[PDB]
Amino acid sequence: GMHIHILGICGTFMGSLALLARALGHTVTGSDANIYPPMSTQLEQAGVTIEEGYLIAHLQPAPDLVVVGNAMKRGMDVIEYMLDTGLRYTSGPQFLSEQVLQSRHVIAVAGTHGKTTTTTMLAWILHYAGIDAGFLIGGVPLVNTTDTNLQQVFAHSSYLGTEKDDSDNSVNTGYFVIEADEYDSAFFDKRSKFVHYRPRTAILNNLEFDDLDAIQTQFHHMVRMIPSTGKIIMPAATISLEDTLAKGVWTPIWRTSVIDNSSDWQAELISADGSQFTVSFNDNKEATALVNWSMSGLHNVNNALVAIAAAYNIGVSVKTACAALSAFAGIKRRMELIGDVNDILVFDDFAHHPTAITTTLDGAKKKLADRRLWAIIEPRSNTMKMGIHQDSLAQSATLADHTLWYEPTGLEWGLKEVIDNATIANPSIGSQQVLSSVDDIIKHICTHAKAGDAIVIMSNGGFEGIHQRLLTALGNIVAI
């Protein structure tokens, strides 16, 4: 039971590590510039102690280990103190790899689009099927049933799950579902998650652009390590993915196809909108069933098919997996309406990178018709760039009427420049500004938004508690 201190602990990824660490029995403290919900509340309930600011005093007394988030850099007092005093430190992904993943059969999902859709669907299938899989993913499914076990499992976007059972062979457990992405390296360990994580089942969800080689290289770093007895699951007929494998692969492939190096798994559409389809696996005549769900779109069918195949790889029948997805209620923080104040609609969405922001805003425009649309975005900060041109963030917000981006004071990372440079170079990407205070963003909205408008808040986490702070402010405006 070590004492672990986490720098940046209120953010989704690092907070997830804190929660997993507590579940392991560790004592967990942390620092963040702000303490904000929903993660603060989850941390507090788990018995984590959070302190405000990045202060040397937070590392007194000395913890056994410091887990360092991506925003930390040299020149910061707490970091210079850490290095001078010789405290032990590690990155988030290395900590997770050593403390949780090493002992599990890890299922990692990579892709340019829809990674969290696929991981939420997969984690749902596993738990529906009675497999007590751990996970650290980008969101959670909505749980509409009165099943209090599924309610508790999906209370957080992290869950430890159980270890492979040493005595009872009837139990199928010891798994961990995770997203492979370009985030959460640290200043002293620039290895990506594609290098850190060692999945035995890997999904390559897709590989497309709304630097191909940079993305293929990163995917390759994960593919090239999978054991010979593992499985790679990906869509068929996708040259960008076939070329990824061609760099070096030692593991059997299952290829997936949605029909309306040939495929092993097929989803045949019954309803053109993707709300109903049959799933079949070529090597098992019984491995066929129907999905009849409240989701739609070809991307969601593709996501379902790779999730079903991955679950089949670890024992879930096609029948059970398809029953699970037929019961899938959707995903929290996917254009989720959280307020309607003075006729201003407020939505919450987990999009935090260009392809996700694009998809969310496409959906928002289809939904909201002619309403004036405000995008309020905290993109997920990162010291590294992967495949996406600098202009990608600004381009992704083209469909909004107004966009307010957030870059935090003291942890600036070049956002204002990438946006401002993009809007000069391509005026068609419209009206966008980068602000340095959540208070200024809220004031801007309260000041300029009017009855009929819609606001879409986008962040991988709590965005310094902007959600309730905005709803409160909007409800306090004195009408004329």
# chains A, B, ... in the order shown; residues from 1 in each chain; ligands from 1

call {"tool": "closest_atom_pairs", "arguments": {"of": "range 62-174 of chain A", "to": "range 312-325 of chain A", "cutoff": "7 Å", "atoms": "only C-alpha atoms", "output": "tab-separated table"}}
result
residue	atom	partner	partner_atom	distance
A:125	CA	A:324	CA	5.3
A:128	CA	A:324	CA	5.9
A:129	CA	A:320	CA	6.5

call {"tool": "residues_around", "arguments": {"residues": "range 259-269 of chain A", "least_positions_apart": "4", "cutoff": "10 Å", "atoms": "only C-alpha atoms", "output": "ChimeraX atom specification"}}
result
/A:233-237,242,253-255,273-283,287-291,298,301-302,304-306,308-309

call {"tool": "write_last_selection", "arguments": {"atoms": "C-alpha atoms", "output": "PDB file, in the first residue's frame"}}
result
ATOM      1  CA  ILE A 233      -9.434  -7.024 -35.596  1.00  0.00           C
ATOM      2  CA  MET A 234     -10.032  -4.363 -38.219  1.00  0.00           C
ATOM      3  CA  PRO A 235     -12.188  -3.467 -41.205  1.00  0.00           C
ATOM      4  CA  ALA A 236     -11.561  -5.124 -44.561  1.00  0.00           C
ATOM      5  CA  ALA A 237     -10.795  -3.278 -47.819  1.00  0.00           C
ATOM      6  CA  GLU A 242      -3.428  -3.157 -44.853  1.00  0.00           C
ATOM      7  CA  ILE A 253      -6.150 -10.938 -38.387  1.00  0.00           C
ATOM      8  CA  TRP A 254      -9.961 -10.929 -38.345  1.00  0.00           C
ATOM      9  CA  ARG A 255     -11.316  -8.532 -40.928  1.00  0.00           C
ATOM     10  CA  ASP A 273     -29.963   3.444 -41.381  1.00  0.00           C
ATOM     11  CA  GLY A 274     -27.894   0.818 -39.499  1.00  0.00           C
ATOM     12  CA  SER A 275     -30.523   0.381 -36.740  1.00  0.00           C
ATOM     13  CA  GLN A 276     -30.954  -3.318 -37.587  1.00  0.00           C
ATOM     14  CA  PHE A 277     -28.417  -5.736 -38.942  1.00  0.00           C
ATOM     15  CA  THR A 278     -27.351  -9.377 -38.841  1.00  0.00           C
ATOM     16  CA  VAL A 279     -23.856 -10.355 -37.724  1.00  0.00           C
ATOM     17  CA  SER A 280     -22.050 -13.460 -38.914  1.00  0.00           C
ATOM     18  CA  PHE A 281     -18.608 -15.030 -38.451  1.00  0.00           C
ATOM     19  CA  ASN A 282     -17.396 -17.225 -41.370  1.00  0.00           C
ATOM     20  CA  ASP A 283     -15.812 -19.989 -39.299  1.00  0.00           C
ATOM     21  CA  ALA A 287     -21.922 -17.491 -34.650  1.00  0.00           C
ATOM     22  CA  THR A 288     -24.773 -15.411 -36.149  1.00  0.00           C
ATOM     23  CA  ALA A 289     -27.448 -13.148 -34.617  1.00  0.00           C
ATOM     24  CA  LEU A 290     -29.428  -9.946 -34.941  1.00  0.00           C
ATOM     25  CA  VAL A 291     -28.737  -6.471 -33.609  1.00  0.00           C
ATOM     26  CA  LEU A 298     -22.742   3.107 -40.784  1.00  0.00           C
ATOM     27  CA  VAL A 301     -22.429  -0.649 -37.324  1.00  0.00           C
ATOM     28  CA  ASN A 302     -18.683  -0.825 -37.961  1.00  0.00           C
ATOM     29  CA  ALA A 304     -20.413  -2.811 -33.227  1.00  0.00           C
ATOM     30  CA  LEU A 305     -18.862  -5.389 -35.562  1.00  0.00           C
ATOM     31  CA  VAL A 306     -15.260  -4.935 -34.234  1.00  0.00           C
ATOM     32  CA  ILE A 308     -18.550  -8.173 -31.219  1.00  0.00           C
ATOM     33  CA  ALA A 309     -15.522  -9.852 -32.857  1.00  0.00           C
TER      34      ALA A 309
END

call {"tool": "atom_distance", "arguments": {"atom1": "CA of residue 406 in chain A", "atom2": "CA of residue 67 in chain A"}}
result
24.9 Å

call {"tool": "select_by_dssp", "arguments": {"residues": "range 359-425 of chain A", "states": "strand (DSSP E)", "output": "PyMOL selection string"}}
result
chain A and resi 373-378+402-406

call {"tool": "residues_around", "arguments": {"residues": "residue 353 in chain A", "least_positions_apart": "3", "cutoff": "8 Å", "atoms": "only C-alpha atoms", "output": "VMD selection string"}}
result
chain A and resid 356 to 357 379 to 380 393

call {"tool": "write_last_selection", "arguments": {"atoms": "C-alpha atoms", "output": "short mmCIF file (atom, residue, chain, number, x, y, z; two decimals), in the first residue's frame"}}
result
data_model
loop_
_atom_site.label_atom_id
_atom_site.label_comp_id
_atom_site.auth_asym_id
_atom_site.auth_seq_id
_atom_site.Cartn_x
_atom_site.Cartn_y
_atom_site.Cartn_z
CA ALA A 356 -14.49 13.86 -32.67
CA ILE A 357 -15.27 17.58 -32.74
CA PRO A 379 -9.38 20.27 -26.54
CA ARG A 380 -7.22 17.65 -24.83
CA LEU A 393 -8.54 21.78 -34.56
#

call {"tool": "residues_around", "arguments": {"residues": "residue 101 in chain A", "least_positions_apart": "2", "cutoff": "12 Å", "atoms": "only C-alpha atoms", "output": "PyMOL selection string"}}
result
chain A and resi 17+20+93-99+103-108+133-136+160-163+174-178+196-200

call {"tool": "closest_residue", "arguments": {"among": "A:421, A:117, A:381, A:284", "to": "residue 460 in chain A", "atoms": "only C-alpha atoms"}}
result
A:381

call {"tool": "select_by_dssp", "arguments": {"residues": "range 143-352 of chain A", "states": "helix (DSSP H, G or I)", "output": "ChimeraX atom specification"}}
result
/A:148-153,193-196,212-223,239-245,298-313,318-326

call {"tool": "write_last_selection", "arguments": {"atoms": "C-alpha atoms", "output": "PDB file, in the first residue's frame"}}
result
ATOM      1  CA  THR A 148     -27.705  -2.267  -9.949  1.00  0.00           C
ATOM      2  CA  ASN A 149     -24.543  -4.244 -10.823  1.00  0.00           C
ATOM      3  CA  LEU A 150     -24.329  -2.714 -14.300  1.00  0.00           C
ATOM      4  CA  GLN A 151     -25.209   0.699 -12.739  1.00  0.00           C
ATOM      5  CA  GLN A 152     -22.254   0.455 -10.353  1.00  0.00           C
ATOM      6  CA  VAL A 153     -19.801  -0.944 -12.918  1.00  0.00           C
ATOM      7  CA  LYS A 193       0.528   4.234 -25.395  1.00  0.00           C
ATOM      8  CA  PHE A 194       1.070   2.294 -28.657  1.00  0.00           C
ATOM      9  CA  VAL A 195       4.468   1.337 -27.188  1.00  0.00           C
ATOM     10  CA  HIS A 196       3.469   1.015 -23.501  1.00  0.00           C
ATOM     11  CA  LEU A 212      -0.843   9.130 -42.984  1.00  0.00           C
ATOM     12  CA  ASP A 213       2.593   7.702 -42.292  1.00  0.00           C
ATOM     13  CA  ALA A 214       2.767   9.120 -38.796  1.00  0.00           C
ATOM     14  CA  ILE A 215      -0.554   7.431 -37.892  1.00  0.00           C
ATOM     15  CA  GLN A 216       0.403   4.145 -39.575  1.00  0.00           C
ATOM     16  CA  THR A 217       3.733   4.183 -37.693  1.00  0.00           C
ATOM     17  CA  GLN A 218       2.049   4.630 -34.380  1.00  0.00           C
ATOM     18  CA  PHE A 219      -0.496   1.866 -35.043  1.00  0.00           C
ATOM     19  CA  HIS A 220       2.454  -0.347 -36.203  1.00  0.00           C
ATOM     20  CA  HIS A 221       4.209   0.180 -32.856  1.00  0.00           C
ATOM     21  CA  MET A 222       1.281  -1.577 -31.184  1.00  0.00           C
ATOM     22  CA  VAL A 223       0.635  -4.213 -33.928  1.00  0.00           C
ATOM     23  CA  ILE A 239      -5.670   0.117 -47.727  1.00  0.00           C
ATOM     24  CA  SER A 240      -4.386   2.455 -45.028  1.00  0.00           C
ATOM     25  CA  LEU A 241      -4.785  -0.428 -42.528  1.00  0.00           C
ATOM     26  CA  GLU A 242      -3.428  -3.157 -44.853  1.00  0.00           C
ATOM     27  CA  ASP A 243      -0.338  -0.975 -45.338  1.00  0.00           C
ATOM     28  CA  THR A 244      -0.033  -0.656 -41.526  1.00  0.00           C
ATOM     29  CA  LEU A 245       0.105  -4.475 -41.196  1.00  0.00           C
ATOM     30  CA  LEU A 298     -22.742   3.107 -40.784  1.00  0.00           C
ATOM     31  CA  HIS A 299     -19.904   4.101 -38.369  1.00  0.00           C
ATOM     32  CA  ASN A 300     -21.867   2.635 -35.447  1.00  0.00           C
ATOM     33  CA  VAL A 301     -22.429  -0.649 -37.324  1.00  0.00           C
ATOM     34  CA  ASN A 302     -18.683  -0.825 -37.961  1.00  0.00           C
ATOM     35  CA  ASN A 303     -17.960  -0.116 -34.299  1.00  0.00           C
ATOM     36  CA  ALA A 304     -20.413  -2.811 -33.227  1.00  0.00           C
ATOM     37  CA  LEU A 305     -18.862  -5.389 -35.562  1.00  0.00           C
ATOM     38  CA  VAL A 306     -15.260  -4.935 -34.234  1.00  0.00           C
ATOM     39  CA  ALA A 307     -16.582  -4.957 -30.612  1.00  0.00           C
ATOM     40  CA  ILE A 308     -18.550  -8.173 -31.219  1.00  0.00           C
ATOM     41  CA  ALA A 309     -15.522  -9.852 -32.857  1.00  0.00           C
ATOM     42  CA  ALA A 310     -13.250  -8.815 -29.948  1.00  0.00           C
ATOM     43  CA  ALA A 311     -15.755 -10.161 -27.439  1.00  0.00           C
ATOM     44  CA  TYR A 312     -16.011 -13.431 -29.390  1.00  0.00           C
ATOM     45  CA  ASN A 313     -12.214 -13.732 -29.180  1.00  0.00           C
ATOM     46  CA  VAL A 318     -22.389 -13.827 -31.154  1.00  0.00           C
ATOM     47  CA  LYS A 319     -25.919 -14.394 -29.808  1.00  0.00           C
ATOM     48  CA  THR A 320     -25.031 -12.860 -26.399  1.00  0.00           C
ATOM     49  CA  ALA A 321     -23.025  -9.982 -27.901  1.00  0.00           C
ATOM     50  CA  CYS A 322     -25.875  -9.121 -30.235  1.00  0.00           C
ATOM     51  CA  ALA A 323     -28.362  -9.310 -27.350  1.00  0.00           C
ATOM     52  CA  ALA A 324     -26.099  -6.957 -25.393  1.00  0.00           C
ATOM     53  CA  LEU A 325     -25.949  -4.416 -28.225  1.00  0.00           C
ATOM     54  CA  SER A 326     -29.676  -4.663 -28.875  1.00  0.00           C
TER      55      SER A 326
END

call {"tool": "residues_around", "arguments": {"residues": "range 335-347 of chain A", "least_positions_apart": "3", "cutoff": "8 Å", "atoms": "only C-alpha atoms", "output": "list in words"}}
result
residues 332, 360, 364, 449, 450, 451, 452, 453, 454, 455, 456, 457, 471, 474 and 475 of chain A

call {"tool": "closest_residue", "arguments": {"among": "A:43, A:3, A:49, A:249", "to": "residue 61 in chain A", "atoms": "only C-alpha atoms"}}
result
A:3

call {"tool": "closest_residue", "arguments": {"among": "A:35, A:171, A:102, A:330", "to": "residue 144 in chain A", "atoms": "only C-alpha atoms"}}
result
A:330

call {"tool": "atom_distance", "arguments": {"atom1": "CA of residue 398 in chain A", "atom2": "CA of residue 355 in chain A"}}
result
12.2 Å

call {"tool": "atom_distance", "arguments": {"atom1": "CA of residue 155 in chain A", "atom2": "CA of residue 377 in chain A"}}
result
24.3 Å

call {"tool": "residues_around", "arguments": {"residues": "residue 444 in chain A", "least_positions_apart": "6", "cutoff": "12 Å", "atoms": "only C-alpha atoms", "output": "JSON, numbers by chain"}}
result
{"A": [374, 376, 402, 403, 404, 405, 433, 434, 435, 437, 438, 450, 470, 473, 474]}

call {"tool": "closest_residue", "arguments": {"among": "A:89, A:81, A:54, A:293", "to": "residue 271 in chain A", "atoms": "only C-alpha atoms"}}
result
A:293
